[PDB]
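Colleague: One file: protein_6.cif (mmCIF, C-alpha atoms).
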```cif
data_final
#
loop_
_atom_site.group_PDB
_atom_site.id
_atom_site.type_symbol
_atom_site.label_atom_id
_atom_site.label_comp_id
_atom_site.auth_asym_id
_atom_site.auth_seq_id
_atom_site.Cartn_x
_atom_site.Cartn_y
_atom_site.Cartn_z
ATOM 1 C CA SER A 1 126.285 129.766 116.594
ATOM 2 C CA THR A 2 125.777 126.492 114.759
ATOM 3 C CA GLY A 3 123.086 123.841 114.335
ATOM 4 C CA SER A 4 123.165 120.157 113.400
ATOM 5 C CA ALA A 5 120.142 117.962 112.697
ATOM 6 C CA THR A 6 119.677 114.458 111.346
ATOM 7 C CA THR A 7 117.539 114.101 108.228
ATOM 8 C CA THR A 8 115.755 110.779 107.591
ATOM 9 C CA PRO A 9 114.225 109.265 104.423
ATOM 10 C CA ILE A 10 110.416 109.081 104.591
ATOM 11 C CA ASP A 11 110.259 105.704 102.867
ATOM 12 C CA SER A 12 112.331 102.880 101.395
ATOM 13 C CA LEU A 13 112.863 104.763 98.113
ATOM 14 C CA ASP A 14 114.258 108.010 99.591
ATOM 15 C CA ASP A 15 111.307 109.871 98.065
ATOM 16 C CA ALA A 16 112.005 112.759 100.445
ATOM 17 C CA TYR A 17 113.742 113.454 103.749
ATOM 18 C CA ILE A 18 112.349 114.820 107.013
ATOM 19 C CA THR A 19 114.199 116.783 109.680
ATOM 20 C CA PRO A 20 112.794 117.551 113.139
ATOM 21 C CA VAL A 21 112.141 121.246 113.828
ATOM 22 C CA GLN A 22 111.151 122.851 117.141
ATOM 23 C CA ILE A 23 108.489 125.564 116.814
ATOM 24 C CA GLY A 24 107.092 127.704 119.612
ATOM 25 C CA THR A 25 107.151 127.766 123.394
ATOM 26 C CA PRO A 26 106.956 125.133 124.763
ATOM 27 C CA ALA A 27 108.477 123.460 121.720
ATOM 28 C CA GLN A 28 106.224 121.737 119.232
ATOM 29 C CA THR A 29 108.332 119.344 117.160
ATOM 30 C CA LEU A 30 107.308 118.899 113.536
ATOM 31 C CA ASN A 31 109.106 116.859 110.861
ATOM 32 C CA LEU A 32 109.743 119.175 107.925
ATOM 33 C CA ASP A 33 110.988 118.630 104.380
ATOM 34 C CA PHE A 34 114.025 120.901 103.937
ATOM 35 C CA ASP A 35 113.725 122.287 100.420
ATOM 36 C CA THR A 36 116.611 124.212 98.820
ATOM 37 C CA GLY A 37 114.260 124.822 95.867
ATOM 38 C CA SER A 38 111.709 126.977 97.726
ATOM 39 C CA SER A 39 111.628 129.714 100.329
ATOM 40 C CA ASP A 40 108.559 129.256 102.529
ATOM 41 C CA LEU A 41 108.513 127.607 105.963
ATOM 42 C CA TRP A 42 104.958 126.259 106.206
ATOM 43 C CA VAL A 43 103.309 123.760 108.514
ATOM 44 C CA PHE A 44 100.193 121.696 108.956
ATOM 45 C CA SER A 45 98.372 123.419 111.790
ATOM 46 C CA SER A 46 95.278 123.722 113.947
ATOM 47 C CA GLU A 47 93.974 125.990 111.151
ATOM 48 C CA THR A 48 94.299 123.378 108.402
ATOM 49 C CA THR A 49 90.975 122.191 106.940
ATOM 50 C CA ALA A 50 90.199 119.085 108.982
ATOM 51 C CA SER A 51 89.458 116.824 105.993
ATOM 52 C CA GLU A 52 92.917 117.674 104.613
ATOM 53 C CA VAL A 53 94.803 116.429 107.675
ATOM 54 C CA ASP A 54 95.548 112.671 107.785
ATOM 55 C CA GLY A 55 98.167 111.672 110.341
ATOM 56 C CA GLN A 56 100.449 114.725 110.264
ATOM 57 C CA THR A 57 101.603 116.467 113.418
ATOM 58 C CA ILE A 58 100.145 119.987 113.581
ATOM 59 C CA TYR A 59 101.406 123.290 114.914
ATOM 60 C CA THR A 60 98.909 124.963 117.256
ATOM 61 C CA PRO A 61 99.891 128.630 117.615
ATOM 62 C CA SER A 62 97.389 129.264 120.428
ATOM 63 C CA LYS A 63 99.469 126.894 122.603
ATOM 64 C CA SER A 64 102.685 128.825 121.974
ATOM 65 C CA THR A 65 103.412 131.771 124.257
ATOM 66 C CA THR A 66 105.839 133.228 121.706
ATOM 67 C CA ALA A 67 103.486 132.976 118.683
ATOM 68 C CA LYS A 68 102.188 136.247 117.242
ATOM 69 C CA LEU A 69 99.829 136.613 114.285
ATOM 70 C CA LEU A 70 101.507 138.525 111.488
ATOM 71 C CA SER A 71 98.514 140.717 110.844
ATOM 72 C CA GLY A 72 97.186 140.785 107.293
ATOM 73 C CA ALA A 73 99.794 138.398 105.911
ATOM 74 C CA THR A 74 98.826 135.506 103.669
ATOM 75 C CA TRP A 75 100.765 133.016 101.590
ATOM 76 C CA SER A 76 100.076 130.679 98.692
ATOM 77 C CA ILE A 77 102.520 128.404 96.900
ATOM 78 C CA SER A 78 102.483 126.001 93.971
ATOM 79 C CA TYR A 79 105.340 123.533 93.576
ATOM 80 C CA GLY A 80 106.987 122.020 90.512
ATOM 81 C CA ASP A 81 105.203 118.714 91.059
ATOM 82 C CA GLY A 82 101.800 120.396 90.954
ATOM 83 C CA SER A 83 101.120 120.320 94.690
ATOM 84 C CA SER A 84 100.122 123.454 96.610
ATOM 85 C CA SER A 85 99.247 124.967 99.964
ATOM 86 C CA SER A 86 98.149 128.328 101.398
ATOM 87 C CA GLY A 87 97.184 130.085 104.599
ATOM 88 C CA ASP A 88 98.101 132.816 107.098
ATOM 89 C CA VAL A 89 101.284 133.660 109.018
ATOM 90 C CA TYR A 90 102.605 133.753 112.560
ATOM 91 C CA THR A 91 106.017 134.698 113.841
ATOM 92 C CA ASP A 92 107.487 132.348 116.450
ATOM 93 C CA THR A 93 110.702 130.830 117.736
ATOM 94 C CA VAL A 94 112.111 128.122 115.492
ATOM 95 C CA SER A 95 115.072 125.888 116.321
ATOM 96 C CA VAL A 96 116.875 123.374 114.110
ATOM 97 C CA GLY A 97 119.495 121.113 115.651
ATOM 98 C CA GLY A 98 120.204 123.539 118.477
ATOM 99 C CA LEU A 99 120.217 126.699 116.341
ATOM 100 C CA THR A 100 117.465 129.147 117.318
ATOM 101 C CA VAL A 101 115.819 131.943 115.340
ATOM 102 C CA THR A 102 113.377 134.270 117.047
ATOM 103 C CA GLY A 103 110.690 135.998 115.003
ATOM 104 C CA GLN A 104 110.733 133.453 112.179
ATOM 105 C CA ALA A 105 107.749 133.561 109.846
ATOM 106 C CA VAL A 106 105.854 130.290 110.310
ATOM 107 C CA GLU A 107 103.292 129.954 107.561
ATOM 108 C CA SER A 108 100.213 128.171 108.863
ATOM 109 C CA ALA A 109 98.343 126.095 106.272
ATOM 110 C CA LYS A 110 94.598 126.596 105.926
ATOM 111 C CA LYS A 111 94.544 124.468 102.778
ATOM 112 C CA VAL A 112 96.871 121.811 101.360
ATOM 113 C CA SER A 113 96.580 119.792 98.153
ATOM 114 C CA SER A 114 95.881 116.077 98.088
ATOM 115 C CA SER A 115 99.509 114.962 97.771
ATOM 116 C CA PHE A 116 100.353 116.638 101.097
ATOM 117 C CA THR A 117 97.312 115.158 102.854
ATOM 118 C CA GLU A 118 98.218 111.736 101.491
ATOM 119 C CA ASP A 119 101.753 111.883 102.899
ATOM 120 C CA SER A 120 101.409 111.415 106.665
ATOM 121 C CA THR A 121 105.173 111.654 107.218
ATOM 122 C CA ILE A 122 105.689 115.292 106.142
ATOM 123 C CA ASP A 123 104.363 117.961 108.541
ATOM 124 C CA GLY A 124 105.429 120.862 106.317
ATOM 125 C CA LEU A 125 108.347 122.378 104.387
ATOM 126 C CA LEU A 126 111.328 124.503 105.399
ATOM 127 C CA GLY A 127 112.558 126.476 102.391
ATOM 128 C CA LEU A 128 116.263 127.150 101.926
ATOM 129 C CA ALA A 129 116.334 128.871 98.519
ATOM 130 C CA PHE A 130 116.730 132.658 98.368
ATOM 131 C CA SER A 131 114.196 134.799 100.229
ATOM 132 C CA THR A 132 113.215 136.570 96.993
ATOM 133 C CA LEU A 133 111.023 133.512 96.252
ATOM 134 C CA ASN A 134 109.093 133.707 99.532
ATOM 135 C CA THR A 135 105.344 133.959 98.841
ATOM 136 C CA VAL A 136 104.143 135.939 101.878
ATOM 137 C CA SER A 137 102.059 138.967 100.946
ATOM 138 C CA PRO A 138 102.012 141.926 101.334
ATOM 139 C CA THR A 139 105.356 141.806 103.202
ATOM 140 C CA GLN A 140 107.729 139.124 101.915
ATOM 141 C CA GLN A 141 109.436 137.138 104.656
ATOM 142 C CA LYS A 142 112.930 135.722 105.122
ATOM 143 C CA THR A 143 113.944 132.058 105.215
ATOM 144 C CA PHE A 144 115.235 130.385 108.379
ATOM 145 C CA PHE A 145 118.764 130.479 106.926
ATOM 146 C CA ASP A 146 118.523 134.165 106.006
ATOM 147 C CA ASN A 147 117.377 135.004 109.554
ATOM 148 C CA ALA A 148 120.107 132.863 111.171
ATOM 149 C CA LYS A 149 122.966 133.935 108.905
ATOM 150 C CA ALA A 150 124.397 136.863 110.826
ATOM 151 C CA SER A 151 124.561 134.741 113.987
ATOM 152 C CA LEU A 152 126.239 131.740 112.373
ATOM 153 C CA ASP A 153 129.962 131.056 112.793
ATOM 154 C CA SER A 154 130.151 130.945 108.969
ATOM 155 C CA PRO A 155 127.277 131.913 106.631
ATOM 156 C CA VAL A 156 126.766 128.409 105.250
ATOM 157 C CA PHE A 157 124.636 125.329 105.530
ATOM 158 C CA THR A 158 125.458 121.820 104.290
ATOM 159 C CA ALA A 159 123.374 118.920 103.013
ATOM 160 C CA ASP A 160 124.644 115.375 103.540
ATOM 161 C CA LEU A 161 121.791 113.167 102.391
ATOM 162 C CA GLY A 162 121.983 109.411 102.836
ATOM 163 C CA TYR A 163 121.217 106.625 100.413
ATOM 164 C CA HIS A 164 118.585 104.469 102.103
ATOM 165 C CA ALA A 165 119.927 105.908 105.384
ATOM 166 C CA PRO A 166 119.842 109.005 107.586
ATOM 167 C CA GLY A 167 122.034 112.013 106.882
ATOM 168 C CA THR A 168 122.675 115.502 108.239
ATOM 169 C CA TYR A 169 121.892 119.181 107.721
ATOM 170 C CA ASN A 170 124.463 121.454 109.379
ATOM 171 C CA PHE A 171 124.201 125.229 109.802
ATOM 172 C CA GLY A 172 127.145 127.520 110.330
ATOM 173 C CA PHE A 173 130.066 125.133 109.899
ATOM 174 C CA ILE A 174 131.641 122.602 107.549
ATOM 175 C CA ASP A 175 132.218 119.162 109.109
ATOM 176 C CA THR A 176 135.576 118.214 107.625
ATOM 177 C CA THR A 177 135.082 114.588 108.734
ATOM 178 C CA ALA A 178 131.948 114.177 106.592
ATOM 179 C CA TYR A 179 133.543 114.014 103.131
ATOM 180 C CA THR A 180 136.579 112.609 101.335
ATOM 181 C CA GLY A 181 139.093 114.610 99.324
ATOM 182 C CA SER A 182 138.474 118.312 98.797
ATOM 183 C CA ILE A 183 135.366 120.435 98.277
ATOM 184 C CA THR A 184 135.148 121.979 94.794
ATOM 185 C CA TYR A 185 133.325 125.278 94.728
ATOM 186 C CA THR A 186 131.386 126.576 91.744
ATOM 187 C CA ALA A 187 129.570 129.817 90.876
ATOM 188 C CA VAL A 188 125.909 130.435 91.692
ATOM 189 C CA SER A 189 123.387 132.664 89.969
ATOM 190 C CA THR A 190 120.650 133.936 92.284
ATOM 191 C CA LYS A 191 118.757 135.635 89.423
ATOM 192 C CA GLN A 192 115.881 133.111 89.536
ATOM 193 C CA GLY A 193 115.975 132.766 93.321
ATOM 194 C CA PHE A 194 117.533 129.292 93.251
ATOM 195 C CA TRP A 195 120.921 127.745 94.005
ATOM 196 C CA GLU A 196 121.575 127.726 90.275
ATOM 197 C CA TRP A 197 124.934 126.547 88.944
ATOM 198 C CA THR A 198 126.516 125.028 85.826
ATOM 199 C CA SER A 199 127.801 121.485 85.730
ATOM 200 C CA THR A 200 130.762 120.903 83.424
ATOM 201 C CA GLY A 201 129.545 117.619 81.937
ATOM 202 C CA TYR A 202 128.719 113.964 82.483
ATOM 203 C CA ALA A 203 129.688 110.345 81.964
ATOM 204 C CA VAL A 204 127.596 107.166 81.795
ATOM 205 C CA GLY A 205 129.050 104.181 83.621
ATOM 206 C CA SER A 206 132.694 103.619 82.677
ATOM 207 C CA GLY A 207 132.230 105.767 79.571
ATOM 208 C CA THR A 208 134.251 108.800 78.567
ATOM 209 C CA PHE A 209 133.399 112.166 80.101
ATOM 210 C CA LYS A 210 131.469 114.548 77.858
ATOM 211 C CA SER A 211 132.393 118.175 78.475
ATOM 212 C CA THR A 212 129.248 120.243 78.184
ATOM 213 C CA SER A 213 127.670 123.001 80.273
ATOM 214 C CA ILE A 214 124.497 121.972 82.102
ATOM 215 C CA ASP A 215 122.774 124.830 83.956
ATOM 216 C CA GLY A 216 120.620 123.567 86.809
ATOM 217 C CA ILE A 217 119.532 123.943 90.419
ATOM 218 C CA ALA A 218 120.590 122.144 93.572
ATOM 219 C CA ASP A 219 117.205 121.131 94.962
ATOM 220 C CA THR A 220 116.881 118.949 98.049
ATOM 221 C CA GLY A 221 113.080 119.108 97.672
ATOM 222 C CA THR A 222 113.039 117.244 94.346
ATOM 223 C CA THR A 223 113.515 113.464 94.451
ATOM 224 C CA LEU A 224 115.037 112.754 91.057
ATOM 225 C CA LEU A 225 117.727 114.036 88.705
ATOM 226 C CA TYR A 226 116.246 115.943 85.743
ATOM 227 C CA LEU A 227 118.600 116.603 82.840
ATOM 228 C CA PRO A 228 118.391 117.466 79.116
ATOM 229 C CA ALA A 229 116.744 114.839 76.916
ATOM 230 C CA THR A 230 120.007 114.170 75.059
ATOM 231 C CA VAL A 231 121.841 113.317 78.302
ATOM 232 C CA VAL A 232 119.007 111.192 79.626
ATOM 233 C CA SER A 233 118.699 109.261 76.360
ATOM 234 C CA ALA A 234 122.446 108.534 76.454
ATOM 235 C CA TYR A 235 122.104 107.145 79.983
ATOM 236 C CA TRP A 236 119.111 104.875 79.389
ATOM 237 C CA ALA A 237 120.501 103.588 76.076
ATOM 238 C CA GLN A 238 123.005 101.675 78.238
ATOM 239 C CA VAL A 239 120.227 99.729 79.999
ATOM 240 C CA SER A 240 118.756 96.813 78.036
ATOM 241 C CA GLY A 241 115.013 97.174 77.751
ATOM 242 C CA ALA A 242 114.812 100.721 79.101
ATOM 243 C CA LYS A 243 112.316 103.008 77.410
ATOM 244 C CA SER A 244 110.419 106.228 77.895
ATOM 245 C CA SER A 245 106.794 105.481 78.737
ATOM 246 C CA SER A 246 104.267 108.268 78.196
ATOM 247 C CA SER A 247 101.677 106.312 80.198
ATOM 248 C CA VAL A 248 103.945 106.019 83.235
ATOM 249 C CA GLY A 249 105.422 109.498 82.753
ATOM 250 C CA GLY A 250 109.106 108.864 82.104
ATOM 251 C CA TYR A 251 111.858 106.322 81.649
ATOM 252 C CA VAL A 252 111.251 102.828 82.991
ATOM 253 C CA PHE A 253 113.538 99.818 82.940
ATOM 254 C CA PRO A 254 113.365 96.085 83.661
ATOM 255 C CA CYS A 255 113.685 95.487 87.391
ATOM 256 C CA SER A 256 116.141 92.681 86.517
ATOM 257 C CA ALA A 257 118.686 95.223 85.199
ATOM 258 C CA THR A 258 121.913 96.297 86.832
ATOM 259 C CA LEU A 259 122.077 100.070 86.368
ATOM 260 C CA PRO A 260 125.271 101.905 85.342
ATOM 261 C CA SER A 261 126.581 104.797 87.392
ATOM 262 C CA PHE A 262 126.188 108.416 86.315
ATOM 263 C CA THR A 263 128.946 110.978 86.796
ATOM 264 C CA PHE A 264 128.439 114.758 86.795
ATOM 265 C CA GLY A 265 131.110 117.442 86.666
ATOM 266 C CA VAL A 266 131.735 120.184 89.198
ATOM 267 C CA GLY A 267 134.487 122.263 87.657
ATOM 268 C CA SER A 268 137.343 119.817 87.110
ATOM 269 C CA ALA A 269 135.978 117.480 89.823
ATOM 270 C CA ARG A 270 133.596 114.554 89.383
ATOM 271 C CA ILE A 271 130.705 113.229 91.476
ATOM 272 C CA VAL A 272 129.733 109.602 90.852
ATOM 273 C CA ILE A 273 126.138 108.513 91.416
ATOM 274 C CA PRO A 274 126.116 104.717 91.857
ATOM 275 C CA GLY A 275 123.688 102.862 89.649
ATOM 276 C CA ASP A 276 121.636 101.624 92.603
ATOM 277 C CA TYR A 277 120.778 105.264 93.478
ATOM 278 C CA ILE A 278 118.954 105.510 90.132
ATOM 279 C CA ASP A 279 116.515 102.637 90.906
ATOM 280 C CA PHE A 280 113.115 103.851 92.186
ATOM 281 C CA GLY A 281 111.511 100.450 92.197
ATOM 282 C CA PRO A 282 108.381 98.931 90.661
ATOM 283 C CA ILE A 283 106.045 101.360 88.927
ATOM 284 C CA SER A 284 103.220 99.697 90.867
ATOM 285 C CA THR A 285 103.253 96.987 93.517
ATOM 286 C CA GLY A 286 104.364 93.684 92.025
ATOM 287 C CA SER A 287 105.397 95.079 88.644
ATOM 288 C CA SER A 288 108.655 94.049 86.998
ATOM 289 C CA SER A 289 108.889 97.475 85.355
ATOM 290 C CA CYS A 290 110.937 99.876 87.514
ATOM 291 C CA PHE A 291 110.974 103.685 87.525
ATOM 292 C CA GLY A 292 114.201 105.456 86.647
ATOM 293 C CA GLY A 293 115.861 108.052 88.836
ATOM 294 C CA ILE A 294 117.220 110.071 85.914
ATOM 295 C CA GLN A 295 114.492 111.752 83.877
ATOM 296 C CA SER A 296 114.198 114.415 81.170
ATOM 297 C CA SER A 297 113.871 118.066 82.178
ATOM 298 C CA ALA A 298 112.317 118.913 78.789
ATOM 299 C CA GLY A 299 109.297 121.104 79.433
ATOM 300 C CA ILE A 300 110.256 121.831 83.059
ATOM 301 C CA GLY A 301 112.342 124.681 81.734
ATOM 302 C CA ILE A 302 115.224 123.982 84.106
ATOM 303 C CA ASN A 303 117.581 121.113 84.944
ATOM 304 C CA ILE A 304 117.269 119.847 88.526
ATOM 305 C CA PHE A 305 120.027 118.265 90.590
ATOM 306 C CA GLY A 306 117.623 116.645 93.029
ATOM 307 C CA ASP A 307 118.187 114.103 95.787
ATOM 308 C CA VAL A 308 119.463 111.365 93.421
ATOM 309 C CA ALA A 309 122.425 113.624 92.609
ATOM 310 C CA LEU A 310 122.849 115.448 95.902
ATOM 311 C CA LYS A 311 122.886 112.294 98.055
ATOM 312 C CA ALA A 312 126.024 111.186 96.182
ATOM 313 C CA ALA A 313 127.851 114.260 97.578
ATOM 314 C CA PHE A 314 128.540 116.439 100.571
ATOM 315 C CA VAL A 315 127.066 119.767 99.467
ATOM 316 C CA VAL A 316 127.956 123.245 100.780
ATOM 317 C CA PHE A 317 125.414 126.011 100.325
ATOM 318 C CA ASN A 318 127.597 129.075 100.839
ATOM 319 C CA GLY A 319 125.496 132.155 101.594
ATOM 320 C CA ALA A 320 128.344 134.629 101.646
ATOM 321 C CA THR A 321 127.739 138.018 99.987
ATOM 322 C CA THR A 322 128.495 136.284 96.704
ATOM 323 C CA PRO A 323 126.941 132.823 97.124
ATOM 324 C CA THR A 324 128.618 129.664 95.808
ATOM 325 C CA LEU A 325 128.018 125.901 95.938
ATOM 326 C CA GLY A 326 130.557 123.298 96.986
ATOM 327 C CA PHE A 327 130.581 119.578 96.235
ATOM 328 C CA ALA A 328 132.739 116.819 97.667
ATOM 329 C CA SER A 329 132.669 113.059 97.339
ATOM 330 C CA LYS A 330 131.979 111.115 100.542
#
```
Write out the structure in this file as structure tokens.
Modeller:
Amino acid sequence: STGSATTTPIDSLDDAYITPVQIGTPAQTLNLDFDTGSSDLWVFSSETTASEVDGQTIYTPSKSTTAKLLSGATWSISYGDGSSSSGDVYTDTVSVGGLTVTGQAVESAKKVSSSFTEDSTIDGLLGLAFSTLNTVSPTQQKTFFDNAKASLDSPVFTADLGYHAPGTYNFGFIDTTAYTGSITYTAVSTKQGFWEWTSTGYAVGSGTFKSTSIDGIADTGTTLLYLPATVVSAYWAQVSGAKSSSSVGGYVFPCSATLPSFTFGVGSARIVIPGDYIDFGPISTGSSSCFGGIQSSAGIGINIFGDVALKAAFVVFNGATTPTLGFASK
């Protein structure tokens, strides 16, 4: 089997992407944030505290003939950005782009933090990291990908995120028309539960490539590119007037600037992030100070190849017995 679904930016800045997902019988379609940095599939639901729902589409398990309470199971998650959610668990039929999993754990939110309530466009998350990170207790549950894997033509999914435009998540096949050149594959460590890999270096604009190992994660659920302070300082030093602002919470730059590109290494290959991808607009409405899309990972504890980086590439998440990651230009 295979699946193919379009993923769409939630706003003009590409802050996140939503992909329609069919849950239950008859289908209830919810727009979920596919997150390769977490491993829970959770939804706003009929069980969510009413004051914490503001415009989201909810899953109502009582209206699904295939929903079954997973007795005694609870979940609770806290994300890197400080947001959180928790609740109970059903199993139900879940389909993405024509690919169907029966008996998928669908984690029903009883509580969500303010940032989720405040974002009316995201109806929940669909985790695509390794199932060892799944938070369901007392019986940990598998991701959608893990459940689908054996049925897929090939045990892979791909992320093809757009810049200010829709893109695609494919399951079970590699669309050879979706990228240019060849795909370069690189080793993954699953020891922390993430799609963790090591970039071979970077360049700023038309500058020379610096060979240096950068260990990080491929995370579709994180907006920006978070790299070591040394790398980030080298980037922003090429932008007149750019500075790190403790009050804003990272590097800002004059909105009048033209940003240089940023290149990262994948083995001997190179992915170029155009400068415009690094512009996240005014810090507040009407400001001429703009927020940068490359930020320091210092004190996160890990480097994060988030959407800013991933949307510059066609990315293969290879879930073979020994997982790997592939990157191509596009």
Colleague: Hey, can you pull every residue with an atom no more than 8 Å from (124.5, 119.0, 103.7), using all atoms listed in the file, and send it as a CSV table (one decimal) with C-alpha atoms, keeping the file's coordinate frame?
Modeller:
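Saved file selection29.csv follows:
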```csv
chain,number,residue,atom,x,y,z
A,157,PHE,CA,124.6,125.3,105.5
A,158,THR,CA,125.5,121.8,104.3
A,159,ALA,CA,123.4,118.9,103.0
A,160,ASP,CA,124.6,115.4,103.5
A,161,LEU,CA,121.8,113.2,102.4
A,168,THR,CA,122.7,115.5,108.2
A,169,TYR,CA,121.9,119.2,107.7
A,170,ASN,CA,124.5,121.5,109.4
A,314,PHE,CA,128.5,116.4,100.6
A,315,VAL,CA,127.1,119.8,99.5
A,316,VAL,CA,128.0,123.2,100.8
A,317,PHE,CA,125.4,126.0,100.3
```
Colleague: Please provide the set of residues having any atom within 12 Å of residue 249 (chain A), restricted to all atoms listed in the file, with same-chain residues fewer than 6 positions apart removed, written as a list in words.
Modeller: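 The filter keeps residues 243, 283, 291, 292, 295 and 296 of chain A.
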Colleague: Evaluate the PyMOL selection byres ((chain A and resi 307) around 8) and record the selected residues as a ChimeraX atom specification, following the chain and residue labels used in the document.
Modeller: /A:16,161,219-225,305-306,308-311
Colleague: Residues at most 8 Å from residue 85 (chain A), counting all atoms listed in the file, excluding those fewer than 5 positions away in the same chain, as JSON, numbers by chain?
Modeller: {"A": [76, 77, 78, 109, 110, 111, 112, 113]}
Colleague: Would you mind telling me which residue in A:321, A:177, A:289, A:263 lies nearest to residue 207 (chain A) when using only C-alpha atoms?
Modeller: A:263
Colleague: Quick one: which residues end up in the PyMOL selection byres ((chain A and resi 281) around 12) for this structure, as a PyMOL selection string?
Modeller: chain A and resi 11-15+252-257+276-280+282-293
Colleague: Here is a test: counting all atoms listed in the file, which residue of A:148, A:41, A:123, A:163 is nearest to residue 107 (chain A)?
Modeller: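 Of all the options, A:41 lies closest to residue 107 (chain A).
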Colleague: Determine the nearest neighbour of residue 134 (chain A) from the options A:46, A:180, A:211, A:38, counting only C-alpha atoms.
Modeller: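 Going through A:46, A:180, A:211, A:38 one by one, the smallest distance to residue 134 (chain A) is for A:38.
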Colleague: Report, as JSON, the axis-aligned box around all atoms of region 221-234 of chain A present in the file, extended by 4 Å on each side; give centre and edge lengths in Å to one decimal place.
Modeller:
```
{"center_x": 117.7, "center_y": 113.8, "center_z": 86.4, "size_x": 17.4, "size_y": 18.6, "size_z": 30.6}
```
Colleague: For residue 192 (chain A), find every residue with an atom within 10 Å (counting all atoms listed in the file), except residues of its own chain fewer than 4 positions away, and show them as a count of residues only.
Modeller: 6
Colleague: Run the PyMOL selection byres ((chain A and resi 328) around 6) against the file shown and list the residues it catches, as JSON, numbers by chain.
Modeller: {"A": [183, 313, 314, 327, 329]}
Colleague: May I ask for the distance between CA of residue 232 (chain A) and CA of residue 258 (chain A), given in Å to one decimal place?
Modeller: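 Rounded to one decimal, the two atoms are 16.8 Å apart.
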Colleague: If I take CA of residue 116 (chain A) and CA of residue 54 (chain A), how far is one from the other in Å, to one decimal?
Modeller: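 Those two atoms sit 9.1 Å apart.
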Colleague: Which is closest to residue 88 (chain A) among A:298, A:125, A:57, A:44, if we use only C-alpha atoms?
Modeller: A:44
Colleague: Please supply region 35-46 of chain A, rebuilt with N, CA, C and O atoms, as a PDB file, in the frame of the given file.
Modeller:
```pdb
ATOM      1  N   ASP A  35     113.866 122.126 101.859  1.00  0.00           N
ATOM      2  CA  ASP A  35     113.725 122.287 100.420  1.00  0.00           C
ATOM      3  C   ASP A  35     114.580 123.454  99.924  1.00  0.00           C
ATOM      4  O   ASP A  35     114.159 124.617 100.021  1.00  0.00           O
ATOM      5  N   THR A  36     115.744 123.148  99.348  1.00  0.00           N
ATOM      6  CA  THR A  36     116.611 124.212  98.820  1.00  0.00           C
ATOM      7  C   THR A  36     116.079 124.802  97.495  1.00  0.00           C
ATOM      8  O   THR A  36     116.690 125.709  96.916  1.00  0.00           O
ATOM      9  N   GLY A  37     114.939 124.290  97.034  1.00  0.00           N
ATOM     10  CA  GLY A  37     114.260 124.822  95.867  1.00  0.00           C
ATOM     11  C   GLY A  37     113.042 125.702  96.143  1.00  0.00           C
ATOM     12  O   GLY A  37     112.342 126.107  95.209  1.00  0.00           O
ATOM     13  N   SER A  38     112.786 126.038  97.403  1.00  0.00           N
ATOM     14  CA  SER A  38     111.709 126.977  97.726  1.00  0.00           C
ATOM     15  C   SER A  38     112.062 127.755  98.979  1.00  0.00           C
ATOM     16  O   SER A  38     113.088 127.484  99.606  1.00  0.00           O
ATOM     17  N   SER A  39     111.225 128.721  99.339  1.00  0.00           N
ATOM     18  CA  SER A  39     111.628 129.714 100.329  1.00  0.00           C
ATOM     19  C   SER A  39     110.558 130.048 101.356  1.00  0.00           C
ATOM     20  O   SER A  39     110.592 131.107 101.975  1.00  0.00           O
ATOM     21  N   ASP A  40     109.621 129.122 101.543  1.00  0.00           N
ATOM     22  CA  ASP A  40     108.559 129.256 102.529  1.00  0.00           C
ATOM     23  C   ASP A  40     108.741 128.172 103.587  1.00  0.00           C
ATOM     24  O   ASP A  40     109.014 127.018 103.254  1.00  0.00           O
ATOM     25  N   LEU A  41     108.581 128.553 104.853  1.00  0.00           N
ATOM     26  CA  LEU A  41     108.513 127.607 105.963  1.00  0.00           C
ATOM     27  C   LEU A  41     107.033 127.535 106.312  1.00  0.00           C
ATOM     28  O   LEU A  41     106.473 128.492 106.853  1.00  0.00           O
ATOM     29  N   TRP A  42     106.387 126.430 105.954  1.00  0.00           N
ATOM     30  CA  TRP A  42     104.958 126.259 106.206  1.00  0.00           C
ATOM     31  C   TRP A  42     104.701 124.932 106.890  1.00  0.00           C
ATOM     32  O   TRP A  42     105.454 123.962 106.701  1.00  0.00           O
ATOM     33  N   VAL A  43     103.642 124.917 107.695  1.00  0.00           N
ATOM     34  CA  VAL A  43     103.309 123.760 108.514  1.00  0.00           C
ATOM     35  C   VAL A  43     101.823 123.426 108.458  1.00  0.00           C
ATOM     36  O   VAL A  43     100.966 124.309 108.339  1.00  0.00           O
ATOM     37  N   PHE A  44     101.520 122.134 108.544  1.00  0.00           N
ATOM     38  CA  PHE A  44     100.193 121.696 108.956  1.00  0.00           C
ATOM     39  C   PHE A  44      99.915 122.317 110.319  1.00  0.00           C
ATOM     40  O   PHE A  44     100.815 122.414 111.160  1.00  0.00           O
ATOM     41  N   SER A  45      98.669 122.707 110.563  1.00  0.00           N
ATOM     42  CA  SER A  45      98.372 123.419 111.790  1.00  0.00           C
ATOM     43  C   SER A  45      96.954 123.164 112.258  1.00  0.00           C
ATOM     44  O   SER A  45      96.175 122.462 111.603  1.00  0.00           O
ATOM     45  N   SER A  46      96.630 123.760 113.397  1.00  0.00           N
ATOM     46  CA  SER A  46      95.278 123.722 113.947  1.00  0.00           C
ATOM     47  C   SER A  46      94.275 124.462 113.057  1.00  0.00           C
ATOM     48  O   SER A  46      93.063 124.321 113.234  1.00  0.00           O
TER      49      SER A  46
END
```
